[PDB]
Each structure stands twice: as C-alpha cells, then as structure tokens.
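Read off the chains here:
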Amino acid sequence: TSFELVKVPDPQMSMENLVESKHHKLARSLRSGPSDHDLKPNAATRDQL
Amino acid sequence: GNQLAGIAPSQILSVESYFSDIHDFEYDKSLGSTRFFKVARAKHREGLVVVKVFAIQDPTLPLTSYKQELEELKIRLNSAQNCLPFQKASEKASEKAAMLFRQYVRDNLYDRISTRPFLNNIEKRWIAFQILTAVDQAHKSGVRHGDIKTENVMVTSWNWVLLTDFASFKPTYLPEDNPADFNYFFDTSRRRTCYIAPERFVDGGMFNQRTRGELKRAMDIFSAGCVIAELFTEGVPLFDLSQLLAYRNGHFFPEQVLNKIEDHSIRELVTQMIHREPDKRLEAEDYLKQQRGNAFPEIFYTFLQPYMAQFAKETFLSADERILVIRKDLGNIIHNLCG
Amino acid sequence: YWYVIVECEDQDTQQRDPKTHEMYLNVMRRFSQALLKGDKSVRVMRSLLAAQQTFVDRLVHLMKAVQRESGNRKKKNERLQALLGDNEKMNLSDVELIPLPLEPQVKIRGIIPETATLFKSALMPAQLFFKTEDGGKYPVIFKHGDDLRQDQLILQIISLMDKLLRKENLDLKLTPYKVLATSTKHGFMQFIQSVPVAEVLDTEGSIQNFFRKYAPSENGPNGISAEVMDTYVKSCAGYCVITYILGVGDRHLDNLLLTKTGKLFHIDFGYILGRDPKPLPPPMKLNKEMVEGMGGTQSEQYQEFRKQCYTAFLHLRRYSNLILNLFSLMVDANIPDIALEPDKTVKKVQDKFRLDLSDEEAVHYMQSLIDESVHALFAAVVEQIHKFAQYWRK
Ligand SMILES: Nc1nc2c(ncn2[C@@H]2O[C@H](COP(=O)(O)OP(=O)(O)OP(=O)(O)O)[C@@H](O)[C@H]2O)c(=O)[nH]1
Ligand SMILES: *C(=O)CCCCCCCCCCCCC
C-alpha cells in the first residue's frame, strides 16, 4: 500500500535475463564436440584469437 | 576533509559493517567503492536499494548544508518522471557515516549498451529522447544534475530512463591543473571519461565559493550531449579528461568519435549539445522541439511519452495489471503506432 | 603460522565477518593438528611455534610495560634493559633456542639486553640485536602500534620483482628487506643499517660527498668507487621503476635510506597506489638529490641510469600478469590503502604497466616520464613544512 524509496517498481528486477540465456545456448553449442577436433580457426581468426 | 586527512580507520572498516548497524537493510552487493562513496546494493521492504555511504572522517564538515540541499532537490524532482533523486539521506546512520538511499534500477545505461538484447536504433533514440526529457524535466523544475554520464543514466527493464545520482555535492567548477577534484568527485567509474562541460574547468587564479556556486543549465546540456554520443557509439566515449581539457582550449575535437555515429541526425544533435561555447547550447526543450520528427519520431511525443508515463507512476501496476492494461489498450496502441 | 595467526588476532574480522574469522581459527586448529600428526622432526615444529608465540607474547608484555607512560624515555629505557636481563621473570636475554619469527633460518638465543633502545618517534620502534646461535648479532626493529600489513605486502611484492629481474639477470641491487606482522599492531622489520638521505645532506651535504667519505676512489668518474656508483645507479633505477609501478606516494628524504655500498632504498609505504598527503605529487620518487648523487643529467651515470630504468620497466611488463594476480587475491586483505578502493586497487596497478603501448613505445613513455619528473620540485618545497611540523613533535 505504500512506498518511499522504490518510486518506480520494476517487475523484472531480479529475474534471469532470458534473452541473454538464449544467446548462451546458441553461441556456445556443445554439439560441435566431434567437429572441433578437425575444424580449426583460419588465418583471419588465428590473429584474432 | 577526507581528501586532506586520508586517515584509514573508517575506510578499512567500511561497507558491510555499516549495514550491521542499520535495521531495514541487508547488504546485497557492493556496486563500487571509491575514496568518496562506498556504494552497495541492499535489500529492503520495497525492493532493491542503492546506498552510497560516506565516511565522515572530519567532524567539522558541515554536512547539514548538503542534507538540506538533498531534501530540497528531492522535493523538486518529486514529480519528474525520468528523474530519480536520492530519496533518503541519513546523517546519523552510524557514528561516522552518512548514507544516501535511492531505488536500485535494473540497468545503468553503460551496462545496457552491452547487455542483451542490444538496443535497436529506435530504442537508442527512445533513450536519447528520454535523456533530454530527463534533463528538461529537471531544468524546468529548477534543478541541475552536474554529472550526467552513462553510469548515472539508469534504464529500467522496459527502457524507462531514470536520471540518477544528482551531483549537488560535487564541485561546480574544477581547477584545470589539479585533477585531485575530478578524481575524488567525478571519476568514480575510473574510465577517465570526462563529460564535464569545459566551462567548468577554470584556472587556479579564478579560485571556496567556486566549489559550490550554482550549476548553469547549459552545463548539463553538454553532459547529456556526450551521453548520447557514447550511447550511439555503443560505449565509445566522446572525451577523456586529457581530451576534454584539450577540447576546452580548442586543440581537440571528437571528429573520429562522432563520425562513428551512424545516425547523421544524432551526430548533428550531439555536435550542438557538446558545442564548446555555453551560450551556443540551447535548452534541452529546444533540442526536443528541433528534433521532433527530425530525429525523435513524432510518435515519441504524442503517444509513447504520455503512455509509458503510466508505468513510471508509483501506483503499482503489477506485472499482471500491466499485461491486462496493454491487452485492453492493444487496439489503441497498434492504431497510434502503425498509422 | 604468523600469517594465519594475524587473522585469528584480527578483532575486526571477529566482528565484521565472523565466518571468515572462524575459518582461520579452524585453519590454525588444523595446522596445529597436522603438525602433531607429522613425523618426529615435524612435531618439533609445533612445539617451536608454541615457543615463538610465548616468546613474542613476553616481548609484547615488556613493551606494554614501557607503554604505561610511567616516565620519560630515560625511565623507559631503564625499565626496558632491566626487564630484558631479568633471567628469572622474563629471561629474554637467554631464552631457550627459538627460530626468529622475522627470519627462521637465523635462530636466536635471546635479545642482547644492552642494545635495546627506542627510536625518537611516536611509534617507539625498538632497535633490537638478537643473540644468534652462530654467536653473531642480528639487527632487527620491533614495532608496536603499527599495522605492518601494508609494508609486509608492499615489501613481499618488491622482493618478487627483485627476484623476477634476477631471473632476467638484471640484478638492480634492490634491498627487499623483510617485514613480518606478528599481529595487527606488532611485528618485526629487518634493520638494514643505513643513514637517511635527509641526514646525509645534513651531515656530508651531498650523496657524492657521503660516497667520497666512505667509498672514495680516483678511478670513478667523480671520485666515487666505480663499484659503489654502479650499485647506486642500478639501485636508484630499481626503486624508481618499482615505486612508480607500485605508485608509492610519500617522498620524504627522512625515509629514503642510503647504504655505504650505494644501495638506495625506501622505507615509508604508508601511502601507496597513487595517494600522497601532498597534492599534485611528482609521478615518482626521483628527487633531485637522487640525481645529484649521479652528478646530474650530463653524467655517464644518468645515461646508464635511464637505460636501467627502461629495461627494468620493460621486463616487469613481461610479468604483469603474475604481479596483478597477486593483487586480486589481496583485494580483501584489510591493507589500509587496499581497503579504501578494493575493486579499483588492481586497476590502479595495471595502469602503470601501460600494457597497450608496444615495447618501443613503452620505452619512450618511461623515457618521457623520467625526463619530466626531474622538474617537479614542488615536493622538495612542501617537504620543508613537514619538517617544521616534526620540529614541534620532537
Ligand atoms: N544496475 C544498476 N547499476 C548501478 C546502480 N547504481 C550504480 N550502479 C553501478 O555501480 C557503479 C557504482 O555506483 P556509482 O557510485 O553511482 O557510480 P557512478 O554513478 O559512476 O558515480 P556517481 O556519479 O558518483 O554516482 C556505477 O558505475 C554503475 O555501474 C543502479 O542503481 N543500478
Ligand atoms: C574534504 O576533503 C571532504 C569533502 C566531502 C564533501 C562531500 C560530502 C557528501 C555528503 C553527502 C550528503 C550527506 C548528508 C548526511
């Protein structure tokens, strides 16, 4: 019924960022386990790494 | 006095120990500690709070004069929607500590620039529009910020920008040759980024009234002008302390940082807001009038600004109510947003 | 033993984070038991440490007796030396053989009761000579009321930089003198016998005059023995570079000590990581008298000194990762200058290495810094007011 410090309540205050969580799973895919023994970074990605 | 004395007792003992004394708060995460403020997140009956603790290692320092100004600044901004003032200032929270309490906001604009989802071009404009509206609502209310930077321009989870950490206590004018004022008061993020209006740096020959003379409205327009340039570059600062003092003397210019901005209309806006001569900087309200349609879509003024203000209101539209209201208004929203 | 027991004696941790305090208490109970479960030769260490503790406790009790303010320095010194030789109630003169806390290899038989005297300062640092088993006297300074943890850290990090540069065969002849906090307000420091440069210029008038009085030789460029001036050149370069990276703050000549062999060293570290009570301090400990010892910017010594500085700097950048990781673990270590800004502390040290500059550009940066820092004579002016303040305290 009352508030004096938190003027602008935010419903997503301490919730997990589901959009960021979605980007984890796609960008860091484990299914490449068998491919990554063969496939390795090329000239342009060697420098970058 | 903390700058001259530099004595260790309160500072070594600082941060979590303070919360052991106060009842309504639990420490939650130190957001940052500096010589000046020991800032920690706390849990509170109303939600997350940010507490900036100052160690009063000088009993002669007349903090009551800062306390008065804090309560007065709060009363003015009490109805500025995009402005979140420090809601409480307790002089006697501990034997030698003073605490400034305000709402904790989901993200600061510096984080939000890099956290996901990335702000779409329309969203960067919506935030820039609210930055101008925040300084505007402060200026018309009769308050100046004095330290507008992406770390103080907060953003709720629904892109509602809240300008915070009004710098009534930080010095208005700073000696050009002595960084000891900038470092203690302004560089709390240590990024070296300087968004302080160049007319605020003065020769030692100009110098205690210079420390607390009133902030000029055009001093915030410069700061906000740099926040928008940083936002549209995605974290690239407009000026560092070496580059700003060189900019003040006309020996530097952010040509390479501004050319980085994609939106030609925002680069024009920023080039004006950051113009060196303070008299050549218009009121924030004049940039809103000038950019209506030119950079901020007409929708922002006519519908988005007055509609979103519904949620910034303290009367709690809970997560269920907000959804039910948007569902009710959905037809009106599609109409107002798609012609 | 001493590191963990400092935490167990840390009455602040006992109240601000008791969970961490009790952890150290259990670390000490574990170590107490792990030694008892060791071999016969290991179990003896448990009893040796128990002896060290009561030895230091009795030493603290003697200093607490002096601290009672029962009279002037005369009566204090009398009580001090009388208690030391009290072979019945204290016997610190000839206590049973114990490894010395500050340096355990230098086993001690007791304090020589004739030699103990407190220096003329508000901290009352007591000079102590330890009767080693080898029959030699080992010089140590015992301090009371001073939390040596800041010096302890800042010395144990220069000892590493000295060691690391020795791995590069660049022995700059630093003096990483040892310091050890026995408690939050008690500890020992290695008493490197030397004269402060403030006293050198008050007695011989100049560093070169002092070297001519204790190491003269016509073979050197200015009448100073080549082996002494070369030591000074490298010692100055080492402390200049290392105090710049560690951001050591104060510059008082009263705390820059000079050895007769030319090893210069700095003993005041109460102000580090960029902070100095004097506003706008110079960037580094490169006072003009330090350069006068080399005969100014025109001498061969200055050309070599600059070469040693940029080389010592360039090789610490090689080990920046190691140095930084040793601060991240220290971020919560209660060191006064770290507790001011814990999350910024590591960022401050990382700033000094200029890791973004390429190696040739890092030389030019350091070169520009030293070529400019000679002219920041403001600290040499303001230090005259500090001496005036001390005149009222003597
Ligand atoms: N998400 C979020 N981050 C915050 C909030 N307050 C502070 N921070 C972050 O914590 C840091 C430390 O707090 P501040 O002392 O306010 O830092 P600052 O705003 O740059 O310094 P000031 O201008 O003196 O207020 C900031 O740089 C932000 O990155 C907040 O309310 N919400
Ligand atoms: C001198 O070196 C220290 C000057 C400190 C000025 C800043 C004080 C900030 C006070 C905030 C308001 C507290 C109200 C109880």
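Residues numbered from 1 in each chain as written, not as in the entry; some residues may be left out. Chains lettered and ligands numbered in written order. Part of a larger assembly, values for the part shown. Heavy atoms only, no water.

The deposited coordinates derive from cryo-EM, with the record listing a resolution of 3.2 Å.

By the naming in the PDB entry, chain B is Phosphoinositide 3-kinase regulatory subunit 4, taken from Homo sapiens.

Going by what the PDB entry lists, chain A is known as Phosphatidylinositol 3-kinase catalytic subunit type 3 and is assigned to Homo sapiens.

Q: When you look at the overall build of chain A in this model, what are you seeing that I'm missing?
A: Per the secondary structure count, chain A includes two helices and zero strands. Principal-axis analysis of the C-alpha atoms gives chain A an extent of 60 × 25 × 10 Å. Relative to its full complement of 49 residues, chain A shows a buried share of 14%. Put simply, chain A shows about 4400 Å² of open surface, and 55% of that area lies on carbon and sulfur atoms. (Helix = DSSP H or I, 4+ residues; strand = E, 2+ residues; numbered from the N terminus. Buried < 20%, exposed > 50% of the residue type's maximum accessible area, 1.4 Å probe, protein only. Areas by Shrake-Rupley, 256 points an atom, 1.4 Å probe, with all protein chains shown as cover.)

Q: Help me understand the interface of chain B and chain C, please; the structure alone is not making it clear to me.
A: Many analyses report the size of an interface as the accessible area lost when the parts associate. Facing 17 residues of chain B, the contacting portion of chain C comprises 13 residues. Scanning the region where chain B abuts chain C turns up five residue pairs in polar contact. Put simply, the parts of the chain that give the side of chain B that touches chain C at least two residues each are helix 2 (9-13) and strand 1 (26-33) of chain B. Its residues assigned to classes, the side of chain B that touches chain C shows four nonpolar, eight polar and five charged. (Contact = heavy atoms within 4.5 Å. Polar contact = N/O pair within 3.5 Å; in protein donor to acceptor, adjacent residues only side chain to side chain. Nonpolar A, V, L, I, M, F, W, Y, C, P; charged D, E, K, R; others polar.)

Q: Can you walk me through a nonpolar patch on the surface in this structure?
A: The grouping of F388, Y391 and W392 of chain C at the surface amounts to a nonpolar patch, some 460 Å² of accessible area in total. Here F388 of chain C shows up in helix 16 (residues 378-391). (Patch = residues over 30% accessible without salt bridge, like charges linked within 9 Å, V, L, I, M, F, W, Y side chains within 5 Å. Salt bridge = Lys/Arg side-chain N within 4 Å of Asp/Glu carboxyl O.)

Q: Help me out: how do you make sense of the nonpolar core in this one?
A: Most often, soluble globular proteins have nonpolar side chains that are buried together. By size, the foremost hydrophobic cluster in this structure holds 97 residues, and its most contacted members are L109, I131, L132, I228, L238, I266 and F296 of chain B. Per-element accounting of this core gives the leading share, 10 residues, to helix 9 (residues 217-233) of chain B. Residues contacting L238 of chain B, with those up to four places away along its chain left out, are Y195, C226, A229, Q243, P254, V257, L258, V270 and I274 of chain B. Core analysis: the next-biggest nonpolar cluster, separate from the first, contains 79 residues, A181, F327, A362 and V363 of chain C among them. (Core = buried A, V, L, I, M, F, W, Y, C linked by side-chain atoms within 4.5 Å.)

Q: Teacher, can you tell me more about helix 6 (residues 149-167) of chain C here?
A: In an α-helix there are 3.6 residues to a turn, and that puts residues three or four apart on one side. The first and last C-alpha atoms of helix 6 of chain C sit 27 Å apart over 19 residues, in line with the 27 Å expected at 1.5 Å per residue. Among the 19 residues that make up helix 6 of chain C, 15 are buried, leaving the element largely enclosed by the rest of the structure. (Expected span 1.5 Å × (residues − 1).)

Q: What am I meant to see in the UniProt feature "binding site: ATP" in chain B here?
A: Here, UniProt's "binding site: ATP" annotation points to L31, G32, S33, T34, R35, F36, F37, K38, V39 and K52 of chain B. Spanning 22 residues, the named residues nonetheless gather at one spot, since no C-alpha pair among them exceeds 13.9 Å. When you line up the elements, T34 of chain B lands in the loop between strand 1 and strand 2 (38-44). With near-sequence residues (within four places) excluded, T34 of chain B lies in contact with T188 and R190 of chain B together with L340, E341 and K344 of chain C. Looking at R35 of chain B, the relative accessible area reads 17%, which means it is buried. Once residues within four sequence positions are removed from consideration, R35 of chain B is found in contact with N2, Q3, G6, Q11, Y184 and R190 of chain B together with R275, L340 and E341 of chain C. Among the polar contacts listed, one links the side chain of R35 of chain B to the backbone oxygen of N2 of chain B, at a separation of 3.2 Å. (UniProt positions renumbered as here; feature names shortened; annotations may be inferred.)

Q: Just to check I follow, could you spell out the UniProt feature "active site" in chain B for this structure?
A: Residue and element names in this part refer to chain B. Under the UniProt annotation, "active site" lies at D147. With respect to the helices and strands, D147 occurs in the loop between helix 6 (121-141) and strand 8 (153-155). The residues contacting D147, other than those within four sequence positions of it, are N152, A167, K170, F185 and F186. One polar contact links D147 to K149, side chain to side chain, over a distance of 2.9 Å.

Q: It is not clear to me how the sheet that holds strand 4 (residues 83-84) of chain B should be interpreted in this structure. Could you clarify?
A: Residues and elements named next belong to chain B. The mixed open sheet is built from four strands, whose spatial order is 4-9-8-7. Both outer strands of the open sheet, strand 4 and strand 7 (107-108), are each paired with one neighbouring strand and no more. Two elements, strand 8 and strand 9 (residues 161-164), share three bridges in a ladder whose sense is antiparallel. Across the sheet, residue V153 finds its bridge partner in strand 9, namely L163. Across the sheet, helix 6 touches strand 4, strand 8 and strand 9, and the angle it forms with strand 9 is around 45°. (Pairing = 2+ DSSP bridges. Axes fitted to C-alpha atoms, helices over the stretch in contact; angles between N-to-C directions.)

Q: Help me understand the interface of chain B and chain A, please; the structure alone is not making it clear to me.
A: The partner chain A presents 17 residues to the 33 residues of chain B that form the contact. Approximately 2200 Å² of surface area, both sides summed, lies buried where chain B meets chain A, with 59% of it carried by carbon and sulfur atoms. It is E46, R106 and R116 of chain B in chain B that bury the most area against chain A; as a group they hold 32% of the surface buried on that side. Where chain B packs against chain A, one counts zero salt bridges. (Buried area = accessible area lost by both parts, 1.4 Å probe.)

Q: Looking at this structure, I do not really get the sheet that holds strand 6 (residues 97-103) of chain B. What am I missing?
A: By definition, the strands of a sheet pair up through backbone hydrogen bonds, in either a parallel or an antiparallel sense. Residues and elements named next belong to chain B. One open sheet accounts for five strands, arranged 1-2-3-6-5; its pairing is antiparallel. Across the chains shown, the open sheet's two edge strands, defined by having one partner strand only, are strand 1 and strand 5 (88-94). Direction aside, neighbouring strands of the sheet carry axes that sit 30° apart on average. In the sheet, strand 2 pairs with strand 3 (residues 47-55) via seven bridges, with the strands oriented antiparallel. The partner of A40 across the bridge, within strand 3, is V51. Packed on one face of the sheet, helix 4 (residues 63-77) meets strand 3, strand 5 and strand 6 and runs near 150° to strand 5.

Q: When you look at the pairing of strand 6 of chain B in this model, what are you seeing that I'm missing?
A: A regular strand places its side chains on the two faces of the sheet in alternate fashion. All names here are of chain B. With seven of seven residues buried, strand 6 lies mostly within the body of the structure. Where strand 3 meets strand 6, seven bridges bridge the pair, whose relative direction is antiparallel. In the strand pairing of strand 6, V49 is matched with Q103. One ladder, built from four bridges, connects strand 5 with strand 6; its direction is antiparallel. Across the sheet, residue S94 finds its bridge partner in strand 6, namely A97. Here strand 5 folds back onto strand 6 in antiparallel fashion, the turn holding two residues.

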